[PDB]
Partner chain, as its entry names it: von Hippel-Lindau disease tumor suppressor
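Consider the single chain below, provided in structure tokens and representing the form solved without its partner chain.
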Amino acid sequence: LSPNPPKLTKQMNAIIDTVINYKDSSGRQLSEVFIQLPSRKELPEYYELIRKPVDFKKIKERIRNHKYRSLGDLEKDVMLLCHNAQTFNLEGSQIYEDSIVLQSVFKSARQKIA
């Protein structure tokens, strides 16, 4: 392909920063637990269950290192993050429900920015 235009890189960061900075009615930053996954030594149970792990740190690195070739590719990884959160955590639990919100916050951001 062609290198990531500065405008696309700026859009990808603007979208991910909306998700990360997002807060609920209570004043809680939902992304907090999703920024960094615990290590394989800290939580081996998660790595046994989850095939393709990702956190917001890895997504920022993939934006920075021009790994996402479209906003669709970025979406695929944000959707994967949330799916893993929904797979590993019990339905109705805080982490599980926060991931459903962040999925929506991403789509809202994507359509607003792009």
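Positions refer to the first chain, counted from 1.
There is another form of this protein, the form solved in complex with its partner chain, and it is not shown here; the text below is about that form.
Taking non-hydrogen atoms only, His66 never approaches its partner chain to within 4.5 angstroms in the deposited bound form. Contact annotation: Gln94 falls within 4.5 Å of its partner chain in the deposited bound form, judged by heavy atom distances. In the deposited bound form, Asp24, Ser25, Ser26, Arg28, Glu32 are the residues of 21 to 35 with at least one heavy atom within 4.5 Å of its partner chain, listed from first to last.
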